[PDB]
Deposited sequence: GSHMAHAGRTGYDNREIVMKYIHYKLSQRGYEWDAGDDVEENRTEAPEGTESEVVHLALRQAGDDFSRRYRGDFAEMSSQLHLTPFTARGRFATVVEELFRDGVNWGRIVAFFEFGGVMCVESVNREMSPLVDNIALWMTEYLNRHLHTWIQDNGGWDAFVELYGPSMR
């Protein structure tokens, strides 16, 4: 599997959900993602209005979130949360007419997967183990 591809398809789909067209594992991830954000809809709504996304704040938001999310370790719930959060930054990017931020966000999600999560993903059955959770 390829992390960059997984990021790109996921971000494409979330944006597509919202009528914005952007320049197996994917299916499982979005199903997980939808159940995750429906369960925490209120929290995602609070978080959205607090984000004050701009090109100046966006790297810092990303790092703050990701650092808080994985501080105690990694599990699949937290990786689903990580995609949902990325989706939220890209949706908000678009809402506020900072669409070029999407490319940064996608790049940051990829670096962080390849760099810092890849190891744990392997020890836990690769992406295949996650698919043998959602079909």
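Unmodelled segments of the deposited chain, in sequence order: 1 to 11, 35 to 53, 166 to 169.
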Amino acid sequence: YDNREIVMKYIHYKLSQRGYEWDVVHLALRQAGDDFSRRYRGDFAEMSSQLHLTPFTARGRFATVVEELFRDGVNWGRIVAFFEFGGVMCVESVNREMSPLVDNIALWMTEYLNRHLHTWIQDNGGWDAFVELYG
From here on, numbers count along this sequence of modelled residues.
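Legend: mean Cα B-factor per stretch from the PDB entry, 79 to 87 versus 45 to 53; the higher mean is in 45 to 53. Sort the modelled residues of the chain by CA B factor and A63 lands in the lowest third. For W120, the recorded CA B-factor ranks within the middle third of the chain. Only modelled residues enter the ranking.
The PDB entry assigns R38 a C-alpha temperature factor belonging to the lowest third of its chain's modelled residues. In this PDB entry, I11 carries a Cα temperature factor that places it within the lowest third of its chain's modelled residues. Residue-level temperature factors show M98 in the highest third of its chain, judged at the C-alpha atom.
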